[PDB]
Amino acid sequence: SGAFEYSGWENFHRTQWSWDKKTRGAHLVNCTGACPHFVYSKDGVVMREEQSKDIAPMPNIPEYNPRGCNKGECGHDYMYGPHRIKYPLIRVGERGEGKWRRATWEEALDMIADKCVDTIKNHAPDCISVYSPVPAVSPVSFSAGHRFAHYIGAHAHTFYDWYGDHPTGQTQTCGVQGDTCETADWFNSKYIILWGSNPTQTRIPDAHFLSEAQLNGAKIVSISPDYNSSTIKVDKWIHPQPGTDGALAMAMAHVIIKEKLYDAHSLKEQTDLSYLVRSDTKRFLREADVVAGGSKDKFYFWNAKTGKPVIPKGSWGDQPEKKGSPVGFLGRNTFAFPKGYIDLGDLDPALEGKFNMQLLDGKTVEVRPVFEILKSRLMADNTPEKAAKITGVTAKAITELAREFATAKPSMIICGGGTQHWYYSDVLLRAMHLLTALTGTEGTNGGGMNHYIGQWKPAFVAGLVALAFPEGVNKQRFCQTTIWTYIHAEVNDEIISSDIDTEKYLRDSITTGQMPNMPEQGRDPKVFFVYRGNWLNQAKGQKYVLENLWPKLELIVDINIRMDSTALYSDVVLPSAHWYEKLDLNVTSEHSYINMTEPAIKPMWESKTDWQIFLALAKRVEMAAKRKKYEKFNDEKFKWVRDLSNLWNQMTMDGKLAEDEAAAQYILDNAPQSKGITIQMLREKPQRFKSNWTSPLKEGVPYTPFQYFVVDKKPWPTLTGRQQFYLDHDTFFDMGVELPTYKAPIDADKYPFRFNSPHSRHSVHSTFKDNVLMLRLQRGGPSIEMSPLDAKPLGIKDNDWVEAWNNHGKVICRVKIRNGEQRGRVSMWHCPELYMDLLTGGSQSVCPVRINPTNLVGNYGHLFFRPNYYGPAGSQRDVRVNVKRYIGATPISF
């Protein structure tokens, strides 16, 4: 036998850990984890999930495994819990009441198809739009509605900038959509600055690399107004005033330039800091100013080896010998140039000095290198002592941080929402990129300016585009969602136009075609498809949206696994298959591997996968287009006669992609980063990408971006062909940011607390906010935090109801008093669902939508509109509110 005395009874627990099927799962949410999981079924019921822990390790550094998090291990609760959409639902009461009638798929989809055909016929196809964000999260489900929109002419949305995740300053500097090292590379750094980044809560499966780096001898700095959870492990904590980081950064740059701790060689080669600026007009000296038929887009540096001015190679006016195709994530395809192209060679560009030069028209003008201008402005305005006054960080601290940062090799900056979600985050990121340029660590392992926010990066992006926009992105309507929301929700930003003429800039950017305005001819938006994103709940200017934008929409359709707040406020709600009931890919910027989910069981109740829903809808649209004698129509914008009677075939390439798996394989097949990989391989184990974006993807080495420019010396896709810190466009001069410098936060809200709205460990955006187990590991509802120093004089006690408000709206939420919070601000974990434990409003009630003019510039080299490449950030960290105790309910503690 061989049994211990109680082993028979112990079979009771052994039975609890058993299953008869194990499938691969993923959580298709916007967390950036893309964590490999197994899902465990017994008798056709999913019991639980567990990380599969099977990403291949790299030598000498910690593995990514297990990843996972606290939401992910209860992911199955959205299969079986009280939130699930089982059947198609049609509204019967007012929007938001949660008064429904169950309908058949047929009646639901026909109502929708009827409206869609009418809207195209009676108004314009661009009065229909589909919002579905972060394609990297679930590219097949993303492609379903975007392809639908593609073939009927409906417009799409932007997400990266709308969320404020788009590193606007990085695009301004580097001319790329964005790029960042995978998190394993953090282990290669000697000195990391966590700059508005709370990875203990907001990069949970990657956070181990930081504490492991430190135990391996790295030092880490946290910069954050409050003492945040990440901060308990760092070696040094810097707590500036909210939104004053730019002054800190510029003072660091000053110390580094003054004490000469920079990499002059790197500056001379990789940046525009040697380029020459006309003293008279304060513009770049250009070829056109010197030579008949000279280019507007070529420039000069002073070569100190020959005492003569020289035209640097690689700028916008310099064409490669054979052009490449346009690349989505670059200003222009500078990969077409050969290796070595911008190598410094024997050149020695001057960084300091003044020089005279002979203009075309006979005049002689004085020119200076950008660096010379930059340097003199920093010595005058950006001393430690002056930045000390602004930030409230001591001058000694600022100086010691500068020296450490510039001395440790490699050093890196890790920035996040704390520094990216501000009105002026663009100039702040340019300053962080200035700090990286000065230290020379860009494109090195363990170095650089690395941003992390949402699940924005689908490395296989050409395969995605192949499936979503088969006739080309140039034959696809896009709005820019921040502008769309600002205008259609008729937002009041409270910025007086004599301070910043937002209206003029915005209008002028649209009428000159720099930025889009959808619908055209001022028509109202009429039909709104929302899925894979909780658009209403997360939307800035929410109160304007609900009051002004929402009632313009004749039909609002939400496709969802659960009843979120957007769906609660919708006309038709369609049931979408859970992550563990569908097939899809799942990728992120944090690691270089392809994740996926597959069905553990068939879709529950009457749910369908997103791919199938837009397939079935396409049929009913065919049927409706015929009923309405409107089967084809002209679309003069694209010179495209559209055939609504063939929509389904269009959706599926004549039936080839009628199954989810073929659509998923289609993406994998049509991208260099993935071609070779099959679904069956992914089903077994996560596979590493075959290549990446702006650097080689090397065997056994963590990805770090921009090496194609830094190492291979291809030109940067900017106007100057370098990392460009001088942006001599009229709008940048207007805002005082032709150069990186400190821009103080917007104080248009005349209220005394700065309103912070960071991301919590307890949810993934609005998803899992309402999960019972998550709420049980908090205090049962949303939370806003205050320092005791502000709460005590307001007579506010821990867990009292508090009321926070400004001109935009009001929210009433229970308070958490936390000594780590900095006085003068309050922190409300972002976007709890509207139906949760709030007596009124939510976090977005007190947020307008605001647009910085520099984000509207679209006629300046690498600055042009492309969806999710450039456009207005949806910032929100400038918001200010008042707070008082709510006295309608004051329960006693015990």
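One rule holds for the numbers: they count along the sequence shown, beginning at 1.
Peer 1: Which is higher on average in the deposited entry, the C-alpha temperature factors of 82 to 90 or of 192 to 200?
Peer 2: Looking at the recorded C-alpha B-factors, 82 to 90 comes out higher on average.
Peer 1: Do the CA atoms of 638 to 646 or those of 695 to 703 have the higher mean B-factor in the entry?
Peer 2: Mean CA B-factor is higher for 638 to 646.
Peer 1: Checking the entry, which one of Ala388, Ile413, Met252, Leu351 has the top C-alpha B factor?
Peer 2: Of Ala388, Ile413, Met252, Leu351, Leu351 has the highest C-alpha B-factor.
Peer 1: Checking the record values for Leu789, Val367, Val130, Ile398, which has the greatest CA B factor?
Peer 2: Highest CA B-factor of the listed options: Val367.
Peer 1: How does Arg866 rank on Cα B-factor within its chain, lowest, middle or highest third?
Peer 2: Middle third by C-alpha B-factor.
Peer 1: What third of the chain does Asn819 rank in for C-alpha temperature factor, lowest, middle or highest?
Peer 2: As the PDB entry reports it, the C-alpha B-factor of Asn819 lands in the lowest third of its chain.
Peer 1: Would you mind ranking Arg430 by its C-alpha B-factor against the rest of the chain and naming the third, lowest, middle or highest?
Peer 2: Its C-alpha B-factor belongs to the middle third of this chain's values.
Peer 1: Rank-wise, by C-alpha B-factor, drop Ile311 into the lowest, middle or highest third of its chain.
Peer 2: According to the entry, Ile311 has a C-alpha B-factor in the chain's highest third.
Peer 1: Per the entry's values, where does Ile796 land by CA temperature factor relative to the rest of its chain, in the lowest, middle or highest third?
Peer 2: Ranked within chain, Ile796 CA B lands in the lowest tercile.
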